Each structure stands twice: as structure tokens, then as C-alpha cells.
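Q: Here's a structure for you.
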Amino acid sequence: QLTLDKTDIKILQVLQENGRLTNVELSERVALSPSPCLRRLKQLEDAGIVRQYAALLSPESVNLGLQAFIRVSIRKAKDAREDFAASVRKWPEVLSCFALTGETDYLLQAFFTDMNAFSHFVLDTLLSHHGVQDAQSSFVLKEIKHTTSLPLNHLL
Amino acid sequence: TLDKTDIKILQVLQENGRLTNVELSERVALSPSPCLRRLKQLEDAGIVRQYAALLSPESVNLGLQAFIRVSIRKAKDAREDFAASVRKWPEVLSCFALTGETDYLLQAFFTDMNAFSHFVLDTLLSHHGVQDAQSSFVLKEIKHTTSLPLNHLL
Amino acid sequence: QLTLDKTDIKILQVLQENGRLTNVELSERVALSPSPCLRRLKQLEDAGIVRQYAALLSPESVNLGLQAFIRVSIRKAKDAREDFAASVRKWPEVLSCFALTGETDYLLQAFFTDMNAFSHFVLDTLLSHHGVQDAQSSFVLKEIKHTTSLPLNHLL
Amino acid sequence: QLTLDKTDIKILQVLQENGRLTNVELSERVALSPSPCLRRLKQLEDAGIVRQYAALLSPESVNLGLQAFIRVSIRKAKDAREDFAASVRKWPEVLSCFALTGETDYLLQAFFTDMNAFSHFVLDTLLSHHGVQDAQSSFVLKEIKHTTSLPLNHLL
Amino acid sequence: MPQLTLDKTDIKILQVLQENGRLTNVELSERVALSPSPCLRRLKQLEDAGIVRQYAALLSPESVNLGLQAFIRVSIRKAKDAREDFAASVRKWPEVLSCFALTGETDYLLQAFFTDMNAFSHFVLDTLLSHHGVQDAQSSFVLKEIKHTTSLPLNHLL
Amino acid sequence: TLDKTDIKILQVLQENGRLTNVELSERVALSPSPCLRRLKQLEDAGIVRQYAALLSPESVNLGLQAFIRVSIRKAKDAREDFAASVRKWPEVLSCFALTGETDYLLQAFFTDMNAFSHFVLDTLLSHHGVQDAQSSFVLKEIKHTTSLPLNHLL
Amino acid sequence: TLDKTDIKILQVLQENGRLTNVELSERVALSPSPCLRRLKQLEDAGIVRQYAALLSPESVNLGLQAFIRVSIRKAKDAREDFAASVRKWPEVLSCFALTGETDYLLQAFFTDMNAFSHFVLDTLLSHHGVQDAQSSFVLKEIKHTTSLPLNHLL
Amino acid sequence: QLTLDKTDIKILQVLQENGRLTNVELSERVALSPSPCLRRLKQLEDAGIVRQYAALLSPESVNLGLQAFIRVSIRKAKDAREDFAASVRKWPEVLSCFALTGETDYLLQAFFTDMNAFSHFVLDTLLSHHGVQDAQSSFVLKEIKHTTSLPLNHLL
Ligand SMILES: [Ca+2]
Ligand SMILES: [Ca+2]
Ligand SMILES: [Ca+2]
Ligand SMILES: [Ca+2]
Ligand SMILES: [Ca+2]
Ligand SMILES: [Ca+2]
Ligand SMILES: [Ca+2]
Ligand SMILES: [Ca+2]
Ligand SMILES: [Cl-]
Ligand SMILES: [Cl-]
Ligand SMILES: [Cl-]
Ligand SMILES: [Cl-]
Ligand SMILES: [Cl-]
Ligand SMILES: [Cl-]
Ligand SMILES: [Cl-]
Ligand SMILES: [Cl-]
Ligand SMILES: [Cl-]
Ligand SMILES: [Cl-]
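Protein chains in written order, with the entry's author numbering: chain D, 3 to 158; chain C, 5 to 158; chain A, 3 to 158; chain B, 3 to 158; chain G, 1 to 158; chain H, 5 to 158; chain F, 5 to 158; chain E, 3 to 158.
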């Protein structure tokens with residue numbers, strides 16, 4: 003079970019918040035010299051800790067006013083879970099999809115311009131999928147918090 | 005005014021947040037200087053809100069991922085107080101007020117059930133604004149990206 | 003109370019579909035001369051059988067792309083229902099409100115431009131009303147049928 | 003499309019509540035001369051903003067004392083949704099039907115003389131529809147508000 | 001114990017009376033192959049034992065214009081003497097024929113009769129929901145009666 | 005057509021189906037013969053449909069009262085077949101097709117959970133027309149009368 | 005039939021199942037021979053069905069305790085096939101057919117959510133007789149004993 | 003902590019099923035001499051691995067023919083949880099009580115002679131507890147499986 007030191011956590015905490023920092027900029031943030039700082043970054047990156055760097059966008063800025071959480075009930079037939087998994091990976095409007103432990107078989111998170119766009123997706127793609135028994139959706143009224151930064155204080 | 009090129013820039017940067025302008029301009033078929041102008045404007049307008057290192061939960065021993073459905077107390081200030089506190093809980097990555105029976109959906113990460121339990125009993129349910137909560141946990145990730153769809157703009 | 007016959011039913015059927023027929027046009031299709039037709043229609047109005055003539059609009063034509071069914075739970079406090087009723091009647095986005103027999107205390111039918119408008123209303127107006135314990139909402143994916151015409155065949 | 007101003011909105015606000023006003027009456031209320039007023043209404047009709055004029059009746063006055071909200075669960079089979087939609091459009095007791103985003107696949111609003119008539123409809127027509135999986139209903143205890151007027155001032 | 005107390009002919013008497021509560025002793029005795037005197041003694045024991053708790057005329061609801069039969073699910077408020085106060089009021093409401101505290105999510109299940117939905121609505125809005133003990137109620141209505149008897153099964157006593 | 009006196013007759017007999025005409029006459033404030041004649045009209049109008057002895061469940065070792073919520077199979081004749089079977093199960097006193105989520109509500113009596121369990125598992129759930137069933141049991145009987153309200157008729 | 009002393013023996017042994025007969029008899033105020041006779045009769049009668057060492061779940065790295073609500077498919081032998089399988093799943097300690105909307109409630113133990121996920125996805129949901137399952141997890145154990153109440157017998 | 007080898011596991015597997023085996027019998031089972039076996043068991047006890055030895059009884063043999071699973075809703079005040087836990091620990095008919103992650107706050111497992119006894123407990127002890135908001139229950143129709151033995155193969 004992974005264990006990091008005080009400054010390696012600091013590095014990871016800076017990178018999560020600012021994925022596009024030069025080494026000097028990171029060095030300054032974590033209180034190291036660029037050489038030791040770069041050396042630390044290597045090993046973290048080489049450990050698989052960092053899986054991707056991403057630009058995160060404002061959904062409103064690209065006319066995606068509608069954010070849906072869709073609860074999908076899967077058909078109880080063979081390959082339905084697999085087939086559905088495969089299709090969801092090819093739907094760009096669905097950002098995330100998890101098999102969950104409760105009543106909802108799959109929770110999907112998806113973005114749309116408006117309800118008309120959402121309606122076309124649900125009726126013409128989602129519910130028509132041979133592996134999908136049913137779906138029900140709720141929508142975002144307000145984003146309270148949304149970060150991609152994982153908690154790391156358990157590592158110290 | 006986002007055209008085919010602005011969209012491509014956005015699509016490339018969502019997948020590869022750490023691309024050099026050299027590689028960016030190449031992938032979006034622009035000379036370096038026009039490309040750097042476009043990106044900067046996209047950044048200044050707030051279309052690009054942040055660049056982020058995305059870590060692997062497993063790699064950092066966060067094996068338990070929770071979706072917590074929170075029922076808020078029906079009292080003045082509860083919603084604000086709760087929102088204010090959730091912003092200070094680093095195990096909670098996102099919190100959305102929703103349109104259905106669930107008032108707030110939280111997505112959070114923990115090492116194991118023990119850590120989750122300490123959070124729920126001693127922090128979440130003990131918050132004066134929280135009436136109740138129930139949770140589900142991830143059995144399997146089928147998909148997870150931070151990339152928004154952009155095709156509707158085209 | 004009026005006694006409605008074949009001809010009165012025909013009048014109501016004709017006007018439910020075509021509310022703006024002139025008396026001459028109405029009289030032409032119902033088997034009453036224009037004078038008795040005029041008189042009978044005023045009787046139907048005066049009896050409260052015809053409660054209103056309305057122009058019906060297309061929601062999409064006036065940028066109302068979001069139609070919501072809002073299930074509201076009322077607080078068990080004195081005046082909650084009465085204060086809620088009074089408020090609902092002054093909320094223009096809300097077209098219909100019915101106290102119902104099942105688990106939902108009140109069902110509201112409302113129109114909005116988009117989810118953002120819906121959110122402002124739910125958060126700033128509905129959920130902040132002192133009589134309102136909670137709300138949950140569903141939205142129209144597709145209109146299969148929508149008429150204002152009541153069935154009248156049982157009267158024949 | 004058309005560009006709507008205060009006067010156009012007023013024309014629409016007035017006709018939504020007073021569907022049967024003569025052109026002269028309408029022109030007096032909206033502060034337009036009869037000729038321009040006539041032209042303008044034709045344009046609003048032609049644009050599809052005004053889709054119908056209807057006499058609205060009192061359900062009680064025509065012995066339709068039971069108003070049902072029916073939540074219908076559709077069978078997951080090919081053509082079930084379309085066969086159901088086709089049939090619903092031929093059932094005069096059902097005034098509206100909407101496919102919704104939540105747990106209910108379709109919400110129906112229907113009027114009946116009484117529970118007897120409801121029960122005949124449900125047992126002999128609705129639940130026996132090959133496309134219908136199940137139905138459950140709620141009935142109106144009290145009407146708090148019921149209008150057909152859409153809110154328009156967002157256009158100003 | 002009833003198994004000890006009641007024999008095959010005492011069962012027969014209870015079955016007969018459950019279906020035909022207005023039989024004289026001579027009639028009852030004739031259907032149970034008993035003489036009036038013993039038959040009357042046996043019935044007396046059954047009434048004194050509390051086995052037969054009541055005789056009643058059962059009416060057709062439709063014949064008295066009671067077209068609406070409701071099953072009402074009531075949630076009690078968690079307060080001192082909410083349950084007691086509610087039971088007291090429900091015992092006074094003639095439209096409610098039966099009320100049970102149940103083991104599941106529904107706190108109380110009520111069975112009630114009304115002429116139509118308007119009368120149901122007046123009861124619910126003005127009487128039931130206004131009651132300080134009542135947190136909430138939700139109701140279903142009979143589409144069709146498949147079976148309705150008051151006769152208890154007695155074969156286990158044999 | 006029913007007047008105040010007809011209402012009194014039905015009210016009285018609902019509570020005591022064994023009352024002699026003499027006693028009934030007194031309670032409804034009629035002479036014996038006009039009272040006997042009114043009651044025959046009511047019996048012949050269908051208004052009185054039955055006279056019944058009502059027994060104590062506890063007295064006959066039926067200490068378990070169940071309300072069973074049955075989901076019917078969505079098939080031709082599953083309803084008709086379930087209905088025909090229910091009519092032949094003496095432990096089931098009442099069965100109604102309802103308007104809500106519960107397709108059929110059955111009211112039934114058993115000695116104990118043991119006998120209930122045998123009924124549920126070997127008779128109810130094994131029926132071809134039964135999709136599922138779930139049950140609640142009586143904790144306390146607050147009220148139980150067979151008497152209909154009649155005040156609406158006056 | 006169980007007298008006051010038999011009850012005492014059962015009370016003591018439910019809490020201390022490995023006591024010597026000498027120790028046992030000292031705690032019930034009996035000589036060893038009578039105490040030994042009594043215990044043997046209780047064992048022969050089937051009253052004491054087993055002696056068991058009880059373990060700390062956390063001590064053996066079983067930090068996740070699950071309650072699994074399983075819906076059985078409506079098909080011939082599904083229930084029986086599901087029962088037989090459950091009996092061969094060591095992670096499942098108990099399984100009850102219940103009266104409410106949950107057909108079967110299982111109590112099971114796992115090291116963590118990863119192990120739980122494997123069991124649910126690869127074993128449970130893949131069983132032909134399982135239509136659906138949903139689970140909850142222990143946040144805190146408030147009380148857990150194996151001792152049956154015996155005061156009703158006194 | 004105490005690190006378990008295969009022979010410690012075998013001791014636990016054997017004693018979980020037969021908690022009353024003598025040291026001679028236990029050591030024979032697990033392929034040890036009596037003395038080492040005695041020491042190993044003591045250490046497993048001292049480490050808290052074996053927390054208790056128990057005589058397990060047949061519920062039916064002692065007239066406990068009703069087994070209930072009680073889903074309790076706790077009153078949402080700071081005192082309710084601790085007061086309920088304290089009271090539950092003193093109710094012998096409740097064998098186990100767990101706070102769960104789902105909608106049910108606490109799940110109780112409890113035994114009674116019959117529905118009379120259960121009802122008395124629920125109405126007069128449980129529902130009347132100041133910390134209990136509500137409770138709902140299910141009952142065992144059939145025990146498919148019931149053991150106290152934990153699985154231990156993950157340790158091998
Ligand atoms: Ca599911
Ligand atoms: Ca809510
Ligand atoms: Ca409600
Ligand atoms: Ca659905
Ligand atoms: Ca309840
Ligand atoms: Ca149903
Ligand atoms: Ca079930
Ligand atoms: Ca809860
Ligand atoms: Cl999966
Ligand atoms: Cl929208
Ligand atoms: Cl909020
Ligand atoms: Cl559709
Ligand atoms: Cl009605
Ligand atoms: Cl019982
Ligand atoms: Cl011991
Ligand atoms: Cl043993
Ligand atoms: Cl875990
Ligand atoms: Cl043993």
C-alpha cells in the first residue's frame with residue numbers, strides 16, 4: 003500500500019490543481035530546487051500515479067447547459083452488460099459510467115445542450131439499446147463543488 | 005465565435021493537456037503563432053477553465069469510490085452551510101444539487117469502508133445541515149473521462 | 003342546471019375544436035338558426051359549461067423548450083397549503099397545480115425556457131417557499147397527445 | 003421567424019385568456035388600429051405561434067368528476083411505444099400523454115364520470131394494451147390552478 | 001385451547017352461522033343434525049367463549065351509493081400520543097370500516113367507503129390530513145373486487 | 005328510495021343482525037308490521053345482501069393477519085386464473101384489484117408465520133400468474149367493523 | 005421440557021461455550037455429574053445444535069460486511085438452485101427467504117470492495133436464478149451476539 | 003499483529019465448526035503435538051482473533067419461532083444514535099444491530115416466540131424509544147443458510 007513523503011504529496015497536490023506547470027513553477031510551489039523537484043516528478047510519473055493531463059472546460063461556454071445523471075437498469079440476458087459497456091464507451095455525451103452496488107445497475111454522467119438533445123439521445127440511442135431495460139434521469143440544478151483532485155492526506 | 009479550428013484545439017487539449025504549441029498547432033493544422041493566439045483567447049474567455057493532472061485512485065490507495073445521496077435539512081442556511089462545508093472536504097470531489105428526490109449527489113474517494121464510515125458518521129451525518137444520507141459504491145468503472153462532447157458546435 | 007341535448011353536445015364539440023367560429027359559422031354546422039344558436043351559447047356560458055375561450059400557443063414557438071412536472075411535498079404546518087396555493091396562483095410559469103391522492107401532495111405543470119431558468123425558479127422560489135417541504139421533478143421527452151377537448155360521448 | 007414586441011405579446015396575452023374577442027375588441031385592448039391588428043394576428047397564426055382556438059369546458063358541468071393522472075410503464079418490445087402512442091391518440095378520455103424523464107415512461111391525464119368508468123378503461127382498454135407493462139394512477143383531490151396560458155414576458 | 005374446546009359439530013355450527021347469521025335455533029339445529037336444546041347450549045358456549053363476537057347485516061355498498069372503496073396508507077407523526085389520538089378519531093369516523101397498525105412501511109392501513117372522489121377529497125383534506133397525529137396519507141382505490149367474505153377458515157381446528 | 009327510517013333500520017341491523025323485529029320496531033320507532041314490511045323491501049332491493057356471524061380470529065387460533073401485495077404476471081388470463089384460485093383459498097378473505105402500484109391486495113389469516121410461510125411458498129408464489137408478492141402483518145387492530153356509513157343518504 | 009437450571013446452563017454456555025464441565029457446574033450451582041447429564045440431554049434434544057469459535061472479522065482481514073438483497077428469477081427451480089449455490093459460497097454466512105420485497109437477504113464477508121465486486125459480478129449476478137441484487141454495508145456494529153433470549157421460557 | 007501460517011488457519015477452521023474439541027482432538031486434527039497446539043490457540047485467543055466460544059441454539063427448540071429483520075429509522079438529533087445503541091445493547095431479543103450505508107439507518111436482527119411478542123416489542127419498546135423515528139420489518143420464511151464461520155481462504 004503506497005506511502006509518499008510530505009513533499010511528494012505536495013507535488014501531486016500542485017499538479018492536480020495546475021497540470022500545465024513548468025518545472026521551475028512546480029519547484030517554487032513545493033519548496034524544492036528544480037533538479038531534486040524534477041527527479042521527484044519522474045518517479046511519481048513512472049509509478050503510474052499520474053494517468054493523464056487534461057484541459058478542463060466550462061460546460062456553459064460550449065453551450066452544454068444540461069448535465070444529466072442517468073440511472074440505467076440493464077437487461078438480464080447474456081452479454082448485455084458487456085454490449086452496453088462497449089456502446090457507452092462510444093457515446094461522447096456520456097463522460098462517465100459506473101456499475102454500482104445499489105438499486106441502480108449503472109450510473110452515467112452526460113452533457114447536452116438542452117432537453118431536446120437529451121430526449122433524442124435517450125429515446126433514439128439509450129432506450130433502444132438491446133441491453134438496456136430502463137433508464138431514469140435527474141439533472142443538475144447547481145454545481146456546488148467539482149474538482150478532479152483526489153484526496154492525498156491519507157498517504158502521509 | 006468558435007469555428008472548426010477552435011473546436012479541434014479544444015478536442016486535442018481535453019485529451020492531452022500538456023501538448024506543446026508545436027504539437028498542438030500541428031494537430032490542429034495551424035502555424036504556431038496563429039495557434040497560440042487562438043488558445044490564449046480560448047483561455048482568456050474561460051472556455052478552458054483549468055489544466056489538471058488526473059491521478060489513478062488505485063495507485064494512491066483510494067480503492068473505495070462512493071456516490072453519496074444527501075438529504076438536506078429544510079431549514080434556513082442549511083443548503084449554504086452544507087455547500088460551504090463540502091467545499092472543504094477534500095475526499096468529496098463533486099457535489100451537485102439535482103432535480104429528483106436526491107437533493108445533493110456527492111462523489112467521494114476513500115481507502116476503504118472504515119475510512120468512509122469515519123467520514124459519514126463523524127463528519128457528514130454530524131453536519132447540522134444534513135438530514136440523511138445513503139450511498140452506493142463503484143463495482144466497476146466502465147467509462148470515465150473529463151472530456152466534454154463538442155460535435156454539436158460543428 | 004341546463005338539460006343538454008344532441009345539438010348542445012354538437013355545439014360544445016364544435017367549439018372545443020374551433021373556439022373562434024363566428025355565430026353564423028357555428029349556426030351553420032349545428033342545426034340551429036342563428037338567433038337560437040346565439041341564445042343557447044350564452045346559456046352554455048352563463049351556466050359555467052363553457053368556462054373560457056382560449057388561444058392555445060406552441061411552447062417551442064415562444065422559446066419554452068422545457069416542460070416540467072413538479073411533485074411537491076407540503077410542510078405539515080398551519081397555513082402551508084393555503085399559502086402555497088396563493089403563491090402558485092401568482093407564478094406564471096406554473097400552468098396547473100393539483101392536490102392528488104397518492105404520495106405526491108401537489109403536482110405542478112410548468113414551462114421554462116431551459117434548465118437554467120428551471121433551476122432559478124426551483125432554488126430561489128419553490129424550495130424557498132415556507133410551505134414547501136420538498137420538490138422533485140420530471141421533464142417532457144416527447145408529447146404524444148395534448149388536447150383541451152373533454153370527451154362528451156357519455157352525455158349522448 | 004417573427005420579431006415580437008410589447009404589442010404582439012399583449013395580443014397573445016389577451017387572446018390566451020379571451021380567445022373569442024372580435025378583431026375590433028382585440029384592437030382596442032392592444033392599442034392597434036383594426037387593419038394592422040388583423041394583419042398581425044394572421045402573421046402570429048401563420049408563424050405557428052397560435053396553433054388553435056378552443057372553448058374550454060368545466061369537467062364537472064359535463065359529468066366528468068374524476069380526473070386521473072396515469073403513470074404507464076411500457077413493455078420493452080419493438081413497436082410497443084409507437085403502438086401505444088397510436089392507440090392513446092384514439093382514446094378521447096385521455097387529453098394528454100407525455101413520455102417523461104423519470105421512473106414513469108408515460109404520464110396520462112384523463113377524465114371519467116367516476117371510478118367505475120375509470121376501472122372499465124384501465125382493466126378493459128389500458129392494461130390489456132399489448133404495449134403496456136403496468137399502470138398506476140392518482141386522482142385529483144383539488145384543483146389549485148389550471149390555465150392554458152403560457153408565460154410570455156421572458157420575450158420582453 | 002379451541003382445539004380442546006371445539007369438536008367437529010361446533011365447527012359445523014360456526015361455519016353455518018358465518019354464512020347465515022340470522023338462522024333461528026330450530027333452523028341452525030336442523031343444519032347441524034342436532035336437537036334444539038343441545039344445539040342452543042353449544043352455541044351459548046361459543047358466544048360466552050368469545051368465539052362469535054358479533055352478528056351483523058352485511059350491505060351492498062353500491063345499493064347505498066358507495067361507489068368508492070379506498071385503502072388509505074397513513075403515516076403517523078412521531079410525537080407523544082399521536083398513535084393514541086389517531087386511533088381515537090378513526091374509531092369515530094364512520095366512513096373508515098377498518099384500521100390496522102402494520103409491520104411494514106405503512107404505519108396504519110385504513111379501509112373506507114365514499115360515494116365518489118369529491119366526498120373522498122373532503123374527508124382526506126378536511127378530516128384526515130388536518131389531524132395533528134397524521135404526518136401523511138396516500139390512497140388506492142378498488143378497481144374490482146375479486147373476493148370478499150367475512151367467514152374465517154376453520155379447518156385447522158379439526 | 006330510502007328515508008330516515010330506512011336508514012335507521014340498516015344502521016341497527018348492521019350492528020346487531022340478530023335483533024328481533026320486536027326490538028327493531030322499538031329502535032326505529034315503528035309498529036311491528038310496518039317495520040317488518042320495510043325490512044323485507046330492503047332485503048329484496050339487494051340492500052341487505054347477507055346476515056353473518058363475525059368470529060374472533062384469536063379465539064380460533066388465527067393469530068396472524070396478513071395483508072399481501074401481489075404483482076400479477078402481465079399475460080392473458082393470469083388475472084382470471086389468479087382470481088379463480090384466490091376464490092378457492094379459504095385463508096384469503098378479501099382480494100381487490102387496486103389503482104396504485106399494488107395490483108392485488110389480499111387480506112388473509114393464519115395460525116402463525118409457519119403456516120403463512122407454507123402458504124406463500126407452496127401456494128401463492130408457485131401460481132403461474134403471480135409475478136411477486138410482499139406482505140405486512142397486523143401489529144394492532146385499531147378498528148374493524150362491517151358497518152358501512154349511511155349518513156350520506158339523509 | 006426446560007426447567008430453571010437447564011435455562012441457566014444454556015445462558016452460561018451461549019456466552020462461554022468452551023467451559024469445562026467442572027467450571028460449568030460451578031456457575032449453575034450443580035455437582036459435575038448432574039450438570040453433565042443435563043447438558044447431554046440438551047445436546048441430544050437438539051437444543052444445543054453446535055459449539056463454535058467466534059472470530060473477529062477485522063483480525064482476519066474481513067473489513068467489509070455486506071447485506072445483499074437478492075431478487076430471484078421467476079423460473080422453475082431457480083430458488084432451489086440459488087439455495088444450493090449459496091450453501092457452497094463460504095463468504096455468505098447466512099441467507100434467509102423474507103416476507104417483504106426482498107426475496108433473499110444474504111449476510112457476507114469480504115476483505116474489501118474489490119473482493120465484493122468480484123463476488124457480485126462474477127458469481128452472484130452470473131447465477132441463472134438471480135434476477136437482481138443490491139447491497140448495503142456495515143458502517144458500525146452496535147451489537148452482535150449469538151445468544152438467543154431465554155427469559156420467555158421462565 | 004499476529005501473522006497466521008497455514009496451521010493457525012487450520013486451527014481456526016476446525017474450532018469455528020467444533021468450538022468444544024479438546025486439545026488432544028484439536029492437535030490431532032491440525033497435525034500438531036498437544037503442547038504446540040495449546041500455545042498456538044492461546045496466542046490466537048490473546049490476539050483477539052478468537053473473541054468468544056459459544057453454544058449455538060436452535061431457535062425453534064426454545065420456542066423462538068419468529069425471526070425478524072427490523073429496518074429502523076433514527077431520529078435526526080445528536081442524542082438519538084447513542085441512546086438507541088445503548089438501549090439496543092440491553093434488549094436480549096435483539097441479537098444484532100448494524101448501522102448501514104444505505105437508506106436503512108440501522109438493521110436489527112431479533113427473535114420472538116410469535117407475532118404477539120413481536121408486536122408488543124415494536125409498539126411498547128421500539129417505536130416508543132425517543133430516538134426512533136420509524137421502523138419497518140420483514141420475517142424469515144425459510145432459513146437457507148446460517149453459520150458463524152467466517153471464510154478464511156483469502157489468508158492462504
Ligand atoms: Ca438494479
Ligand atoms: Ca429530496
Ligand atoms: Ca405525500
Ligand atoms: Ca421506467
Ligand atoms: Ca412507516
Ligand atoms: Ca403494479
Ligand atoms: Ca421481491
Ligand atoms: Ca436513512
Ligand atoms: Cl459490469
Ligand atoms: Cl434545457
Ligand atoms: Cl443548492
Ligand atoms: Cl415515445
Ligand atoms: Cl368517483
Ligand atoms: Cl406468528
Ligand atoms: Cl468459553
Ligand atoms: Cl459442535
Ligand atoms: Cl473496502
Ligand atoms: Cl464441538
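Even for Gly, the Cβ is constructed at its ideal location relative to N, Cα and C.
Mind pulling the chain D residues with CB within less than 9 Å of residue 84(B)?
A: Under the 9 Å cutoff, chain D gives no residues; its nearest Cβ is about 11 Å from residue 84(B).
Q: Under 8 Å between the Cβ atoms of residue 61(B) and residue 109(A)?
A: The answer is no: Cβ separation not under 8 Å.
Q: Does the distance between the C-beta of residue 129(C) and the nearest non-hydrogen atom of ligand 11 fall short of 7 Å?
A: For ligand 11, not one heavy atom lies less than 7 Å from the Cβ of residue 129(C).
Q: Give me the DSSP bridge partner(s) of residue 144(F).
A: In DSSP, residue 144(F) forms a bridge with 101(E).
Q: Using a cut-off of 8 Å between C-beta atoms, extract the partners of residue 128(F) located in chain C.
A: Result: empty, since nearest Cβ-Cβ is about 11 Å, beyond 8 Å.
Q: Counting contacts by CB-CB distance shorter than 8 Å, is residue 139(A) in contact with chain C?
A: Yes, contact with chain C.
Q: Can you tell me where the beta strand (DSSP E) holding residue 56(G) begins and where it ends?
A: Residue 56(G) -> beta strand (DSSP E) spans 52 to 59.
Q: Whole-angstrom Cβ separation of residue 90(H) and residue 147(G), contact assumed at under 8 Å?
A: Residue 90(H) to residue 147(G), Cβ: 6 Å. Contact.
Q: Whether or not the stretch 126 to 145 of chain B and the stretch 130 to 148 of chain A are in contact is what I'm after, with contact meaning three or more pairs of Cβ atoms, one per stretch, closer than 8 Å; do they touch?
A: The stretch 130 to 148 of chain A is not in contact with the stretch 126 to 145 of chain B.
Q: Applying the 10 Å Cβ sphere with the 16-neighbour rule, what's the burial state of residue 5(G)?
A: By the neighbour-count rule (16 or more Cβ atoms within 10 Å), residue 5(G) is not buried but exposed.
Q: Starting from the beta carbon of residue 144(A), find every residue of chain D whose beta carbon is closer than 7 Å, and list them in chain order.
A: Within chain D, the residues near residue 144(A) are 121, 125.
Q: Throw me the rounded Cβ distance for the residue 54(C) and residue 58(D) pair, which I believe falls under 8 Å.
A: About 5 Å; that satisfies the 8 Å criterion.
Q: May I ask whether a heavy atom of ligand 1 can be found less than 7 Å away from the beta carbon of residue 1(D)?
A: The question about residue 1(D) has no answer, for chain D in this structure spans 3 to 158.
Q: Name, in chain order, the residues that DSSP records as bridge partners for residue 136(C).
A: According to DSSP, residue 136(C) bridges with 75(C).
Q: Find the residues of chain F that neighbour residue 104(D), judging by a C-beta separation of less than 9 Å, and give them in chain order.
A: Within chain F, the residues near residue 104(D) are 138, 139, 140.
Q: Determine the DSSP secondary structure at residue 33(E), reduced to helix, strand or coil.
A: Coil.
Q: Does the Cβ-Cβ distance between residue 133(B) and residue 73(B) come in under 8 Å?
A: Contact: no.
Q: Spatial neighbours of residue 66(G) within its chain, please: C-beta separation below 8 Å, excluding the five flanking residues on both sides.
A: Taken in chain order, the residues that qualify are 113, 114, 115.
Q: Residues in the stretch 62 to 74 of chain D with C-beta within 9 Å of chain A's C-beta atoms, listed in sequence order?
A: Against chain A - using a Cβ distance shorter than 9 Å - the residues of the stretch 62 to 74 of chain D are 62, 67, 68, 69.
Q: Which residues in chain F sit within 7 Å of residue 116(C), going by Cβ to Cβ distance?
A: Per Cβ cutoff of 7 Å: 67, 116.
Q: In angstroms with no decimal places, state the Cα-to-Cα distance between residue 107(C) and residue 149(G).
A: Their backbone Cα atoms lie some 46 Å apart in a straight line.
Q: At the 8 Å Cβ level, is residue 8(B) part of the contact set with chain D, yes or no?
A: So, not an interface residue.
Q: Contact between the stretch 19 to 37 of chain C and the stretch 35 to 48 of chain D is defined here as three or more beta-carbon pairs at a separation below 8 Å; is this criterion met?
A: Counting Cβ pairs under 8 Å, fewer than three are found: no touch.
Q: Establish whether the CB of residue 135(D) and some CB of chain B are separated by less than 8 Å.
A: Interface residue, yes.
Q: Is any heavy atom in ligand 2 found nearer than 7 Å to the beta carbon of residue 75(C)?
A: Yes; taking the cut-off as 7 Å, the Cβ of residue 75(C) has a heavy atom of ligand 2 nearer than that.
Q: Considering Cα atoms alone, identify which of 47(H), 18(H), 93(H), 121(H) is closest to residue 140(E).
A: Here the closest residue by C-alpha is 121(H).
Q: Just to confirm the assignment, what range does the alpha helix (DSSP H) spanning residue 123(A) have?
A: Segment 117 to 123, the alpha helix (DSSP H) holding residue 123(A).
Q: Can you name the start and end residues of the alpha helix (DSSP H) that residue 14(H) belongs to?
A: Residues 8 to 19.
Q: Any idea what DSSP makes of residue 3(B), helix, strand or coil?
A: Coil, per DSSP.
Q: Use the C-beta contact count for residue 1(D): other C-beta atoms within 10 angstroms, 16 or more gives buried, fewer gives exposed.
A: The shown model of chain D, from 3 to 158, leaves out residue 1(D), and the question about it has no answer.
Q: Taking 8 Å as the threshold (C-beta atoms), are residue 75(G) and residue 136(G) in contact?
A: Against a cut-off of 8 Å, the Cβ pair of residue 75(G) and residue 136(G) comes out as a contact.
Q: With DSSP as the reference, label residue 68(A) as helix, strand or coil.
A: If DSSP states are grouped into helix, strand and coil, residue 68(A) belongs with the strands.
Q: Just the C-alpha distance for residue 9(C) and residue 47(C), rounded to the nearest angstrom, thanks.
A: Taking the straight line from one Cα to the other gives about 15 Å.
Q: Would you say residue 149(D) lies against chain C (beta-carbon separation less than 8 Å)?
A: Yes, residue 149(D) counts as interfacial toward chain C.
Q: Would residue 27(A) pass as an interface residue toward chain B - the criterion being a Cβ-Cβ separation below 8 Å?
A: Output row for residue 27(A): interface = no.
Q: Buried or exposed, going by whether 16 or more other CB atoms sit within 10 Å of the CB of residue 3(A)?
A: Exposed: under 16 other Cβ atoms inside 10 Å.
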